[PDB]
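Worksheet: the structure to be examined is printed underneath.
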Amino acid sequence: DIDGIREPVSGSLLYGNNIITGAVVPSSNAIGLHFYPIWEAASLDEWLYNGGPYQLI
Amino acid sequence: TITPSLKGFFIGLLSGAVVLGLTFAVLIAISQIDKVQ
Amino acid sequence: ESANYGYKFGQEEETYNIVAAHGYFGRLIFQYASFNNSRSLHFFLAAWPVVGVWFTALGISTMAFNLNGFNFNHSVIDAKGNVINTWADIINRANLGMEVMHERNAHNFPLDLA
Amino acid sequence: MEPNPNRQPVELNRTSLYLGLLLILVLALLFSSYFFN
Amino acid sequence: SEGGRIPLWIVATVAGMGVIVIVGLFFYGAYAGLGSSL
Amino acid sequence: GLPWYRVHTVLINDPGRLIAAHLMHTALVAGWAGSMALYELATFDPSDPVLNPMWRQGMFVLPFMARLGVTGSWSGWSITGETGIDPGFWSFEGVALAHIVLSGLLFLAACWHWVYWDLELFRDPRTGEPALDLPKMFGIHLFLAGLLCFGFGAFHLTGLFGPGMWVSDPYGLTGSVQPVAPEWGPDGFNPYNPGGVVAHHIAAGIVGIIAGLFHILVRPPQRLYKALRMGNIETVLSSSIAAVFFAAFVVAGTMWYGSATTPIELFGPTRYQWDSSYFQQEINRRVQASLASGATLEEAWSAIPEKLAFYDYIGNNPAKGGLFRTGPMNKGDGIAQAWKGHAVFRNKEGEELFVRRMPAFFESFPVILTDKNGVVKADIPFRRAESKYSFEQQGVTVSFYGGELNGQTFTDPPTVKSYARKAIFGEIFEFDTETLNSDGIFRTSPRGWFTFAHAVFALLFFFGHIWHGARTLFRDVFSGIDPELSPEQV
Amino acid sequence: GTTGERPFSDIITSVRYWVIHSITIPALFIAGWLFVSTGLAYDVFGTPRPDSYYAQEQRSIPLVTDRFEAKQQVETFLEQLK
Amino acid sequence: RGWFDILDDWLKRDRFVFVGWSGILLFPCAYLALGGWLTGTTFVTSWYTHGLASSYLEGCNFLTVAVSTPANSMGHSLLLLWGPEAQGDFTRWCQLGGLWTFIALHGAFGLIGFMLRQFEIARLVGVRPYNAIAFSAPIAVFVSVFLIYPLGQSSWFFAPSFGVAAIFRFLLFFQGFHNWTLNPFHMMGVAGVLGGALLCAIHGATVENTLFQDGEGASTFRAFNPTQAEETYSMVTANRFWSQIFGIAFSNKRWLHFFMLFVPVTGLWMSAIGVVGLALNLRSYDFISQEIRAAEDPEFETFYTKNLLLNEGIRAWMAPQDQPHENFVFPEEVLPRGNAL
Amino acid sequence: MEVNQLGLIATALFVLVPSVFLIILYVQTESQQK
Amino acid sequence: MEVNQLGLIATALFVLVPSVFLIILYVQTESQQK
Amino acid sequence: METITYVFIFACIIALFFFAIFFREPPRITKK
Amino acid sequence: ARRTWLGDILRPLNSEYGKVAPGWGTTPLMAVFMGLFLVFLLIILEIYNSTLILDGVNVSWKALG
Amino acid sequence: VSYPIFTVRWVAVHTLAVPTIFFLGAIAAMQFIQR
Ligand code: CLA
Ligand code: CLA
Ligand SMILES: C=Cc1c(C)c2cc3nc(c4c5[nH]c(cc6nc(cc1[nH]2)C(C)=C6CC)c(C)c5C(=O)[C@@H]4C(=O)OC)[C@@H](CCC(=O)OC/C=C(\C)CCC[C@@H](C)CCC[C@H](C)CCCC(C)C)[C@@H]3C
Ligand SMILES: CC1=C(/C=C/C(C)=C/C=C/C(C)=C/C=C/C=C(C)/C=C/C=C(C)/C=C/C2=C(C)CCCC2(C)C)C(C)(C)CCC1
Ligand SMILES: CC1=C(/C=C/C(C)=C/C=C/C(C)=C/C=C/C=C(C)/C=C/C=C(C)/C=C/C2=C(C)CCCC2(C)C)C(C)(C)CCC1
Ligand SMILES: CCNc1nc(NC(C)(C)C)nc(SC)n1
Ligand SMILES: [Ca+2]
Ligand SMILES: [Cl-]
Ligand SMILES: [Fe+2]
C-alpha cells in the first residue's frame with residue numbers, strides 16, 4: 001500500500017509481474033519518514049503490506 | 001505541358017547549377033595561383 | 001590476427017601514436033582545439049561527466065525542496081492581452097495530463113502540496 | 001584432393017566467452033518479457 | 001600597425017565585461033520584453 | 001588465430017569456396033521461400049476474399065506471388081474468389097514446390113564447388129595465383145541482368161509471353177492479374193500507374209544491356225582502378241551494400257505510401273487513406289448519389305459493397321499495432337464476419353450527431369459527438385458530477401442502414417453508447433473472436449511489417465557500407481600504423 | 001606547430017586591428033539593431049507584431065490547412081488582421 | 001600536373017581550418033544549417049504553423065525559442081523556396097515553415113560531408129578510420145529521428161522541431177503516445193549512453209590517479225611527455241586496483257579503448273531501431289497478459305498499469321493544442337482526472 | 001497467466017543457441033596444443 | 001490441435017542439449033594439434 | 001512458467017559473475 | 001590448378017585481370033551520365049513528393065483503372 | 001615572418017563573426033519592444 005490509501009500495488013514476479021514491470025515498492029505514505037524496522041511490526045504480514053522491505057533495502 | 005511547378009523545377013535546377021558553377025569556378029581559379037613544390 | 005594481441009600486459013612504452021591521433025583530430029576541427037597532452041585529455045574525460053552528473057544530482061536534491069524548473073507559462077502575450085503560446089505551453093498541457101491522472105484516488109483537496 | 005591453403009584456426013579466449021555470455025543472458029533478461037508479452 | 005601592443009590581459013577583461021553587459025541586457029529583457037508575462 | 005567475427009575472411013580470395021558459399025546462401029534463401037510458402041498454404045483460409053483476405057491472416061509471401069500471376073491453388077480455390085479455374089502447374093503449391101527443388105540443387109552445387117575449389121579458371125595465367133577480373137565480371141553480369149530485366153517487362157508484364165501483374169481500381173474492389181501495356185509518356189513516372197512498371201523494365205533493361213556491353217569492352221581508367229581499389233573484391237561489396245540499402249529504403253517507402261507495386265487488395269490499406277478519410281469520402285459520394293436517384297437511406301447504404309465499408313475501419317490501419325503484438329490481424333479484433341451497417345446517431349431533437357474518429361496516434365480516445373457545424377452536442381463523461389452532454393441527458397439514439405442491423409434502432413443508453421464507442425474506429429463490424437482466441441488489441445498488416453523490417457535492415461546496412469568501404473580504402477593502415485612525426489608543416 | 005596564418009594573438013593586439021574593428025564591430029551592431037527597431041525584420045520574416053496575432057474579436061488561430069493553396073490561404077489570414 | 005590535381009593540391013593544403021574535397025559539401029551545408037537555425041530562433045515565427053510564438057523577436061527566450069516544423073497540410077513536402085507552396089516567395093516560405101526542411105535537409109548533407117571529412121583526413125594523415133565508424137551512430141540518430149520517423153507519420157509536423165523546449169515536448173509526446181520508455185531498444189539506448197558516460201568518467205579517473213611521477217611539481221600536468229616512450233600511468237597498478245575493488249578489471253588498453261567505442265555507438269544504434277519502429281507506430285506500448293488480468297480483476301495493480309494512466313492524461317490534455325489541425329474539442333466532462341486534482 | 005505460448009521456447013533458444021556457439025569455440029580454442 | 005504446451009520445448013531441448021554436448025567435444029577433439 | 005524463466009536467467013548471470021571474478025585467466029605481465 | 005571443359009571455355013572471360021585503361025580514361029564521359037542520373041532521381045523523387053506537379057500525372061490511387 | 005591578411009581562416013572567421021554581431025545587435029534591440 002504505497003500511497004497509504006489501502007490500494008496495494010503488487011510489484012513482484014510471483015504476483016503477476018515480469019522483469020520490466022516488476023519492482024520493490026516504496027514504504028507506505030501512512031508511514032511517511034518514520035523508521036519502519038521489522039521489529040516495529042506486529043508481524044511480517046504487516047511489514048510486507050506497508051512496504052517494510054523497501055527501507056531495509 | 002510545362003506547368004507552373006515544372007517551371008519552378010527548372011528555376012531550382014538552374015539556380016542550383018549556378019551555385020555549383022561559381023563555386024567550382026572560384027575554386028579551380030584560386031587553386032591555380034599557388035601550390036609550389 | 002586480432003589487432004588486440006598487439007599489446008602485452010605490463011608494457012613499457014605506449015601502444016598507440018598519440019601524436020598521430022592529435023595530428024588527425026587537430027585537422028578535423030583545428031589544432032588548438034585538440035588535445036596533445038594525454039594527462040589533460042584524461043582529466044577532461046573524467047571531469048566532464050562527473051561534474052555534469054554532480055549537477056543532475058543537485059537538481060533532484062534541489063527540486064526536493066520545491067525549487068523547480070523555469071515556469072514560462074503565458075509569458076508571451078499579445079497587444080490586447082491574449083495569451084500567445086510557446087512550446088513552453090505545449091509542455092504544460094502534457095504536464096497537466098500527468099498531474100491530473102497520477103495517484104487517482106489519493107487526493108481529497110485542490111492543491112497538491114505533497 | 002589438395003589440402004586447401006586458405007584456412008586459419010579460429011579462437012575465442014576465456015574473457016571473450018564471458019563477455020559473450022554476459023551479453024546473451026542480459027539480452028534474454030531484457031527481451032523475455034516482450035516474448036511472453 | 002602590428003606586433004602585440006594592446007596588452008592581452010586587457011583585451012580580455014574588456015571584451016569580458018563587454019559580454020557580461022550584453023548577456024546581462026538579455027536577462028533584464030526577461031522582466032520587461034515580450035518574453036515577460038505582464 | 002582468427003577472431004570469431006572474422007572466420008569468413010577465409011574466403012577473401014578463394015573464388016572457388018566463395019562461390020561454394022554464395023551457393024549455399026542462395027540455397028537457404030530459396031529454401032526458405034519454398035517452405036515459407038507451404039506454411040502459408042497450410043494455414044491460409046480462402047473461404048472469404050471480401051472480409052478475410054490474405055492480409056488479415058498475416059500472409060507475407062502469398063501476396064508477392066499474386067502480384068505476378070500465381071493466384072490459384074491446385075486444390076481448386078483462387079485469390080480472387082473464383083472456382084472451376086485451372087491454375088495449371090504454377091499454383092502456389094507449384095511455386096513452393098519449385099523453390100524447394102532449386103534449393104536442393106544449389107546445395108549439391110555448393111558442395112561440388114567446395115571440394116573442387118582449385119579450378120584453374122580462378123588462377124591468373126600471368127601471376128599464376130588466384131585472381132578474378134572484376135571489371136569484366138561486372139560488365140558480364142550487368143549484361144545478363146538488363147537482358148533479364150528487359151524480358152521481364154517485355155514478355156511477363158505485357159502478357160506477350162506471360163501472366164501480367166496485379167492491377168486494381170482506385171478502391172481495391174476489382175483487382176486481378178492483367179496484362180499491362182507499356183507507358184513512355186510522362187505519367188509513366190507516376191508510382192500509381194502500372195504502365196510505368198512495364199516501361200521501366202523495358203527501357204532500364206535495354207540501358208542495362210547496352211551498359212553491360214560497354215563494361216565488357218571498355219576498361220577502367222587507371223585513375224579510378226586506383227581510387228576505387230578495384231581488383232580488390234572487398235570493395236565490390238562496399239558498393240553493392242550501398243546499392244542494396246538504397247534499394248531497401250526505397251521499397252520500404254513504396255510499401256508504406258503505396259504504389260502500383262504494393263496493391264491494397266494484397267498488402268492492405270494505407271495509414272494515409274484513413275488519415276484523409278479516403279474511403280469515407282468514396283462511400284458518401286456513392287450514398288448521396290443513390291439518394292439523388294431517389295433511393296431511401298436504407299437502399300442507399302445497402303448499395304455500399306461490404307468490401308468498401310471494410311477499408312473504412314481503423315482496424316486495418318497499419319499504423320495501429322505494436323512491436324510485440326504478434327500474429328495476423330485476426331488475433332486482434334477477430335475474424336471479420338459481416339458489416340453491421342452504417343450507424344447514424346441522433347439526439348432528442350432529431351438532430352444527427354457525428355462521432356469524432358480515432359486518430360492513428362491514440363491508443364485510447366474519447367467518445368465525443370458533434371453536429372454538422374462541429375458543435376459538441378453529446379459525449380460519454382468521465383466525472384459525471386457535472387456532465388452536460390451525457391447520452392442520457394440528450395436522448396441520443398442510434399439507427400442502422402444496410403448490413404446486419406439494417407432498419408433497426410436502439411435507444412437504451414448502454415446499447416447506444418456501446419455502438420458510439422465503436423463508431424470511433426469507423427464502420428462497425430461483426431467479428432468472430434472465438435476461433436483464434438483473439439484479445440481485442442489491434443495488430444498491424446503485412447504492409448506494416450514488411451515496412452518495419454526493411455527500414456531497419458536498410459539503416460543497419462548503411463553501417464555495413466561505411467564499415468566495409470573504410471576497410472577497403474584503409475586496408476594498408478589496417479592492423480596498425482608506423483613511424484615518422486610529420487604533422488604541421490606541409 | 002604552425003601554418004601560414006598570422007597568430008591571432010598578434011592580431012588581437014595590433015593597434016591597427018582595433019583601429020579597424022572599433023569601427024567595424026559597432027557598425028554591424030547598430031545595423032542589426034536598426035533591423036529590428038525599424039520594423040523591417042517583421043516583414044522579412046512575416047513575423048506578427050504584438051498587435052497582429054488575431055483580429056480584434058476572433059480568438060481562432062490562422063492555421064494553414066492545405067499545402068498547395070497555402071500561400072494563398074496565408075495571404076487571406078493577413079486580410080482579417082486589418 | 002593537371003587542373004584536377006592542382007585543384008586537389010590546393011584543397012588538401014594544410015591550413016588552419018583544413019578544407020579538403022569534403023569541405024565542398026560540408027561547409028556550404030554545415031553553415032547554412034547553423035545559420036538557418038540562428039535565423040529562425042530570432043526572427044521567424046510559428047504562428048501560421050503551430051499557433052506558437054517561436055522567436056526572440058516575439059518574446060521567446062533561449063529555452064522557448066525554436067524553428068518549428070511545417071503545417072500538417074504540407075504533408076511530407078520538401079517545401080523548396082521555389083516549390084508549389086512558397087512559390088519563390090521568401091517571407092511566405094518562412095511562414096510555412098520552409099526553414100525546417102531547410103535546416104533538416106542541409107544539416108543532413110552536412111553530417112555526410114563531415115563523416116567524409118573524417119574519412120578523407122584520416123586517409124591523408126594515415127590513421128585508421130575508427131573515428132568515422134563511430135560517427136555512424138550520430139548519423140543514424142539524426143536520420144531515423146528527424147527523417148525516417150516523420151516519414152512514417154502523417155507529415156513533417158510530427159518530427160522534432162529544432163529548439164530546446166520544442167524538444168522536451170517531443171520527449172513527453174513519445175512517453176504519452178508511444179510509451180517509449182518501455183521499449184527494449186530505448187533501454188539499450190540509455191544503457192549505452194549512460195554506460196558510455198561511465199567508462200568515460202571511470203577511465204579518466206583511473207588514469208589521473210594511477211600516474212607515475214615524472215615531475216617534481218604537484219600540478220602533474222606539465223610532467224607529460226608529448227613524445228611517447230613509457231606509459232604515463234601504471235596500467236599494471238590499475239589492473240590490481242579494480243581487480244580487488246570490483247573483482248573484474250581491464251588489462252589490454254587496446255581492448256579497453258575499443259570497448260569505449262563500442263558501448264556508446266551500439267547504444268545509439270539500438271535507440272535508432274526502436275524509433276524506426278515508432279515511425280510505423282509499431283511501438284512497445286503494452287503487455288497483453290497484464291491488460292487481460294487488469295480487465296477481469298479490478299484489484300490487480302502494477303507500476304505498469306499506473307504509467308499507462310499517466311499516458312492517458314498526457315494524451316487527453318495535450319492533444320488539443322499540440323495537434324491544432326485536428327480541431328479537437330474535449331468537453332470538460334470527458335477529460336480523464338483523478339479525485340480533487 | 002495470459003502470456004504467449006511461444007515466449008518460453010523463444011527465450012530458451014535465444015539463450016541456448018548463441019551460448020552454445022560461444023562455448024563450442026572456447027572449448028575448441030582451449031584445447032589447441034601449445 | 002489439442003496437444004501439450006511443453007511438448008515443443010521438451011522435444012527441442014531433448015534434441016539440442018545432448019547434440020550440443022557431442023558437438024562441443026567433436027570440435028575440441030578435431031582441433032587438438034598433431 | 002514465466003517466473004521460472006526470469007529467475008533462471010538471473011541465476012545464470014550470477015553464476016557467470018562468480019566464474020568471471022574467480023575463474024578468469026590470471027592476468028600475466030610482460031611475457032606473453 | 002584443375003582445368004575442366006566448362007573451365008576452359010570460360011578461361012578467356014577471366015584473365016584480363018589488372019588490365020586498366022590509361023590516365024583519366026572514360027571518367028569524364030561517366031561523370032555526365034552520373035550527373036544525369038542525379039537529376040533524373042531528383043525528378044522522380046520530387047514527382048512522388050508532389051513538389052513537381054505535371055498535369056497528366058496524378059500521383060494518387062486514382063489515375064488507376 | 002611576413003604574414004598575409006585575407007586568408008581562408010579569415011573568411012570563415014567572418015562568416016560567423018559578422019552575422020553574430022549583427023544578431024546580437026538585433027536581439028539587444030528587441031529587449032525594448034512592448035504592448
Ligand atoms: C524479413 C521480414 C519478415 C516480415 C516483414 C515478416 C512478417 C510477418 N510474418 Mg514472418 N518470417 C520471416 C521474415 C519476415 N516475416 C522469417 C525469416 C521466418 C522464418 C522463421 C518467418 C516465419 C514466420 C511464421 C512461422 C509466421 C510469420 C508470420 C508473420 C506475420 C507476423 C506478425 C508478427 O507477429 O510479427 C512479429 C515481429 C517480431 C516479434 C519482431 C521483434 C524482433 C525483436 C524481438 C528481436 C530482435 C533481435 C535481437 C534481440 C536484437 C539485439 C541486437 C544486439 C546487437 C543488441 C508478418 C506479416 C505469422 C503468420 O503468418 O501469422 C498469421 C507466422 O505464423 N512469419
Ligand atoms: C550484404 C553482404 C555482407 C557480406 C558478404 C559481409 C561479409 C563480411 N563481413 Mg559484414 N556487414 C554487413 C553486410 C555484409 N557483410 C552489414 C549490413 C553490416 C552492418 C551491420 C556489417 C558489419 C560488419 C562488421 C562490424 C564486421 C563485418 C565483417 C565481415 C566479414 C566477416 C567474416 C566473418 O567471419 O563473419 C562472422 C559472422 C558471425 C560469426 C556470426 C554473426 C551472428 C549474428 C550477429 C547474426 C546471425 C544472423 C542470422 C543467422 C541471419 C541474418 C540474415 C540477415 C539478412 C539479417 C565478412 C567478409 C567483420 C570484418 O570486417 O572482419 C575482418 C566485422 O568486424 N561486417
Ligand atoms: C544531442 C547531443 C549531442 C550533440 C549536440 C553532439 C554534437 C557533436 N558531436 C560531434 C562529433 C561526435 N560525436 C560522436 C559521438 C557521439 N555524440 C553524441 C551526442 C551528441 N553529439 C553521442 C551520444 C555519441 C556516442 C555515439 C563522435 C564519435 C563524434 C565525432 O567525431 C564528432 C567530433 O568531431 O567531436 C567533437 C560534433 C560534430 C560536428 C559536425 O559534424 O558538424 C557538421 C554538421 C553541422 C555543423 C550542422 C548540421 C547538423 C544539423 C543536423 C543540426 C542543426 C541543429 C541546429 C543548428 C540547432 C538545433 C537546436 C537544438 C536545441 C535542437 C558535434 C559538435
Ligand atoms: C574573457 C576572460 C576573462 C574575464 C574577466 C573579466 C571580465 C573580469 C572582470 C572583473 C571585474 C569587472 C572586476 C571588478 C572588481 C571590483 C572590485 C574588487 C570592487 C571593489 C569595490 C569596493 C570595495 C567598493 C566600495 C564602495 C563604492 C564603490 C561606493 C561607495 C560605498 C563603498 C565604499 C561601499 C578571464 C580573466 C577570467 C580569463 C580569460 C577570458
Ligand atoms: C537435397 C536435395 C533435394 C531436396 C531439398 C530439400 C528438401 C530442401 C529443403 C530446404 C529447406 C526446408 C530450407 C529451409 C530454409 C530456412 C531458412 C533459410 C530459415 C531462415 C530463418 C531466419 C533467418 C530466421 C531469423 C529471424 C528470427 C528467428 C527472429 C527475428 C527476425 C529474423 C527474421 C532475423 C531434392 C529432392 C530437390 C533433389 C536434389 C537433392
Ligand atoms: C589526443 C586526441 N585529441 C583529442 N582532443 C579532444 N578534444 C576534446 C575537446 C574533444 C576533449 N578530445 C579527445 S578524446 C577525449 N582527443
Ligand atoms: Ca500599447
Ligand atoms: Cl493510487
Ligand atoms: Fe585512454
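Identifiers for the C-alpha cells are assigned positionally: chains receive A, B, ... in sequence, residues are indexed from 1 per chain, and ligands are indexed from 1 in the order shown.
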Enumerate residues in contact with ligand 7: an atom-to-atom distance of at most 12 Å, counting only C-alpha atoms and all ligand atoms. Format the result as a PyMOL selection string. (chain C and resi 78-81) or (chain G and resi 49-51) or (chain M and resi 33-35)
Mind dumping the selected residues with N, CA, C and O atoms as an mmCIF file, in the first residue's frame?
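Everything below was put into again.cif:
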data_model
loop_
_atom_site.group_PDB
_atom_site.id
_atom_site.type_symbol
_atom_site.label_atom_id
_atom_site.label_comp_id
_atom_site.auth_asym_id
_atom_site.auth_seq_id
_atom_site.Cartn_x
_atom_site.Cartn_y
_atom_site.Cartn_z
ATOM 1 N N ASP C 78 0.027 38.916 -26.430
ATOM 2 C CA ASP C 78 -0.048 39.945 -27.452
ATOM 3 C C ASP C 78 -0.488 41.329 -27.011
ATOM 4 O O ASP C 78 -0.649 41.595 -25.823
ATOM 5 N N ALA C 79 -0.678 42.199 -27.996
ATOM 6 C CA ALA C 79 -1.060 43.588 -27.805
ATOM 7 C C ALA C 79 -2.356 43.847 -27.052
ATOM 8 O O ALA C 79 -2.530 44.923 -26.481
ATOM 9 N N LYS C 80 -3.271 42.885 -27.059
ATOM 10 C CA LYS C 80 -4.546 43.054 -26.370
ATOM 11 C C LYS C 80 -4.522 42.390 -25.001
ATOM 12 O O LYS C 80 -5.250 42.786 -24.103
ATOM 13 N N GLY C 81 -3.677 41.385 -24.846
ATOM 14 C CA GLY C 81 -3.615 40.680 -23.587
ATOM 15 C C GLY C 81 -3.805 39.193 -23.818
ATOM 16 O O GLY C 81 -3.613 38.387 -22.904
ATOM 17 N N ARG G 49 3.418 41.285 -35.368
ATOM 18 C CA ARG G 49 3.754 42.310 -34.416
ATOM 19 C C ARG G 49 2.805 42.086 -33.243
ATOM 20 O O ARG G 49 1.708 41.562 -33.419
ATOM 21 N N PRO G 50 3.213 42.480 -32.027
ATOM 22 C CA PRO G 50 2.353 42.285 -30.861
ATOM 23 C C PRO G 50 0.867 42.512 -31.098
ATOM 24 O O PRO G 50 0.030 41.952 -30.393
ATOM 25 N N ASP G 51 0.530 43.311 -32.101
ATOM 26 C CA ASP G 51 -0.880 43.587 -32.380
ATOM 27 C C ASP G 51 -1.382 42.894 -33.629
ATOM 28 O O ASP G 51 -2.339 43.342 -34.243
ATOM 29 N N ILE M 33 10.894 46.229 -27.156
ATOM 30 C CA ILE M 33 9.580 46.140 -27.795
ATOM 31 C C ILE M 33 8.554 45.861 -26.698
ATOM 32 O O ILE M 33 8.893 45.241 -25.696
ATOM 33 N N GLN M 34 7.308 46.300 -26.859
ATOM 34 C CA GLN M 34 6.315 46.023 -25.820
ATOM 35 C C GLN M 34 4.868 45.881 -26.310
ATOM 36 O O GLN M 34 4.629 45.290 -27.363
ATOM 37 N N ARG M 35 3.909 46.392 -25.531
ATOM 38 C CA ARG M 35 2.478 46.328 -25.885
ATOM 39 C C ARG M 35 1.520 47.143 -24.954
ATOM 40 O O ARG M 35 1.884 47.407 -23.777
#
Could you pull the residues within 10 Å of segment 16-32 of chain K, counting only C-alpha atoms, minus those fewer than 4 positions along the same chain, as a VMD selection string? (chain C and resid 5 7 to 12) or (chain D and resid 13 to 15 17 to 19 21 to 22 25) or (chain H and resid 236 239 to 240 243 to 244 246 to 252) or (chain K and resid 10 to 12)
Which residues come within 9 Å of segment 9-23 of chain M, counting only C-alpha atoms, excluding same-chain residues fewer than 5 positions away, as a PyMOL selection string? (chain G and resi 5+25-33+35) or (chain H and resi 15-17+31+35+38-39+42) or (chain M and resi 28)
Please provide as a ChimeraX atom specification all residues within 6 Å of residue 50 of chain A, with the sequence filter that same-chain residues fewer than 4 positions apart are discarded (counting only C-alpha atoms). /A:1,27-28
Please produce an output containing C-alpha atoms for each residue in the selection, written as a short mmCIF file (atom, residue, chain, number, x, y, z; two decimals), in the first residue's frame.
data_model
loop_
_atom_site.label_atom_id
_atom_site.label_comp_id
_atom_site.auth_asym_id
_atom_site.auth_seq_id
_atom_site.Cartn_x
_atom_site.Cartn_y
_atom_site.Cartn_z
CA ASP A 1 0.00 0.00 0.00
CA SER A 27 7.13 2.08 2.13
CA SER A 28 3.63 3.37 2.87
#
At most 12 Å is the cut-off: for each residue in chain D with any atom that close to an atom of ligand 1, write down the nearest atom pair and the distance in Å rounded to one decimal, counting only C-alpha atoms and all ligand atoms, chain first then increasing number, as JSON lines.
{"residue": "D:20", "atom": "CA", "partner": "ligand 1", "partner_atom_place_in_ligand_line": "54 (C)", "distance": 11.3}
{"residue": "D:23", "atom": "CA", "partner": "ligand 1", "partner_atom_place_in_ligand_line": "55 (C)", "distance": 8.4}
{"residue": "D:24", "atom": "CA", "partner": "ligand 1", "partner_atom_place_in_ligand_line": "53 (C)", "distance": 8.9}
{"residue": "D:25", "atom": "CA", "partner": "ligand 1", "partner_atom_place_in_ligand_line": "49 (C)", "distance": 10.9}
{"residue": "D:26", "atom": "CA", "partner": "ligand 1", "partner_atom_place_in_ligand_line": "55 (C)", "distance": 10.1}
{"residue": "D:27", "atom": "CA", "partner": "ligand 1", "partner_atom_place_in_ligand_line": "49 (C)", "distance": 6.4}
{"residue": "D:28", "atom": "CA", "partner": "ligand 1", "partner_atom_place_in_ligand_line": "49 (C)", "distance": 7.7}
{"residue": "D:29", "atom": "CA", "partner": "ligand 1", "partner_atom_place_in_ligand_line": "49 (C)", "distance": 10.3}
{"residue": "D:30", "atom": "CA", "partner": "ligand 1", "partner_atom_place_in_ligand_line": "49 (C)", "distance": 8.4}
{"residue": "D:31", "atom": "CA", "partner": "ligand 1", "partner_atom_place_in_ligand_line": "49 (C)", "distance": 6.5}
{"residue": "D:32", "atom": "CA", "partner": "ligand 1", "partner_atom_place_in_ligand_line": "44 (C)", "distance": 8.8}
{"residue": "D:33", "atom": "CA", "partner": "ligand 1", "partner_atom_place_in_ligand_line": "44 (C)", "distance": 10.0}
{"residue": "D:34", "atom": "CA", "partner": "ligand 1", "partner_atom_place_in_ligand_line": "44 (C)", "distance": 7.2}
{"residue": "D:35", "atom": "CA", "partner": "ligand 1", "partner_atom_place_in_ligand_line": "44 (C)", "distance": 6.9}
{"residue": "D:36", "atom": "CA", "partner": "ligand 1", "partner_atom_place_in_ligand_line": "39 (C)", "distance": 10.6}
{"residue": "D:37", "atom": "CA", "partner": "ligand 1", "partner_atom_place_in_ligand_line": "39 (C)", "distance": 10.1}
Please extract the residues at most 6 Å from ligand 8, counting only C-alpha atoms and all ligand atoms, and provide them as a short mmCIF file (atom, residue, chain, number, x, y, z; two decimals) with C-alpha atoms, in the first residue's frame, using the chain letters and residue numbers of this document.
data_model
loop_
_atom_site.label_atom_id
_atom_site.label_comp_id
_atom_site.auth_asym_id
_atom_site.auth_seq_id
_atom_site.Cartn_x
_atom_site.Cartn_y
_atom_site.Cartn_z
CA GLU C 103 -2.43 8.95 -7.84
CA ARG C 104 -6.10 8.75 -8.93
CA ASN C 105 -7.61 8.20 -5.52
CA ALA C 106 -5.02 9.81 -3.25
#
Neighbours of ligand 2 within 6 Å, counting only C-alpha atoms and all ligand atoms, as an MDAnalysis selection string? chainID F and resid 4:9 241 460:461 463:464
What parts of segment 23-132 of chain F does DSSP call alpha helix (DSSP H)? I'd like the answer as an MDAnalysis selection string. chainID F and resid 23:41 62:66 92:115
Would you write out those residues with C-alpha atoms, as a short mmCIF file (atom, residue, chain, number, x, y, z; two decimals), in the first residue's frame?
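Full text of selection-v6.cif as output:
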data_model
loop_
_atom_site.label_atom_id
_atom_site.label_comp_id
_atom_site.auth_asym_id
_atom_site.auth_seq_id
_atom_site.Cartn_x
_atom_site.Cartn_y
_atom_site.Cartn_z
CA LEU F 23 25.70 -21.04 -53.49
CA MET F 24 24.74 -22.29 -50.02
CA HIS F 25 23.24 -18.91 -49.11
CA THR F 26 21.10 -18.84 -52.26
CA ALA F 27 20.10 -22.39 -51.32
CA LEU F 28 18.87 -21.29 -47.90
CA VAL F 29 17.10 -18.18 -49.24
CA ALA F 30 15.42 -20.25 -51.91
CA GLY F 31 14.70 -22.97 -49.41
CA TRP F 32 13.17 -20.51 -47.01
CA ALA F 33 10.93 -19.14 -49.77
CA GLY F 34 9.69 -22.57 -50.69
CA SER F 35 8.83 -23.53 -47.16
CA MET F 36 7.53 -20.17 -46.01
CA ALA F 37 5.07 -20.77 -48.84
CA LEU F 38 3.94 -24.18 -47.64
CA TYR F 39 3.47 -22.69 -44.17
CA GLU F 40 1.05 -20.12 -45.52
CA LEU F 41 -0.74 -22.68 -47.64
CA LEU F 62 1.40 -15.20 -50.50
CA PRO F 63 0.94 -11.63 -51.72
CA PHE F 64 4.24 -11.39 -53.62
CA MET F 65 3.14 -14.49 -55.56
CA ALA F 66 -0.16 -12.95 -56.64
CA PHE F 92 1.08 -21.55 -55.02
CA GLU F 93 1.86 -25.24 -54.43
CA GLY F 94 3.83 -25.25 -57.68
CA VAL F 95 5.89 -22.17 -56.80
CA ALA F 96 6.57 -23.55 -53.33
CA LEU F 97 7.46 -26.90 -54.91
CA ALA F 98 9.87 -25.30 -57.41
CA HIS F 99 11.90 -23.34 -54.87
CA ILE F 100 12.36 -26.35 -52.59
CA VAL F 101 13.98 -28.19 -55.51
CA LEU F 102 16.07 -25.24 -56.79
CA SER F 103 17.36 -25.20 -53.26
CA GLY F 104 18.33 -28.86 -53.23
CA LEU F 105 20.24 -28.43 -56.49
CA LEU F 106 22.03 -25.25 -55.39
CA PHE F 107 23.03 -27.27 -52.33
CA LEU F 108 24.61 -30.10 -54.29
CA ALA F 109 26.22 -27.41 -56.46
CA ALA F 110 27.61 -25.68 -53.36
CA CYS F 111 29.15 -28.99 -52.32
CA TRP F 112 30.88 -29.64 -55.66
CA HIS F 113 32.30 -26.09 -55.82
CA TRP F 114 33.62 -26.55 -52.31
CA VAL F 115 35.60 -29.74 -52.94
#
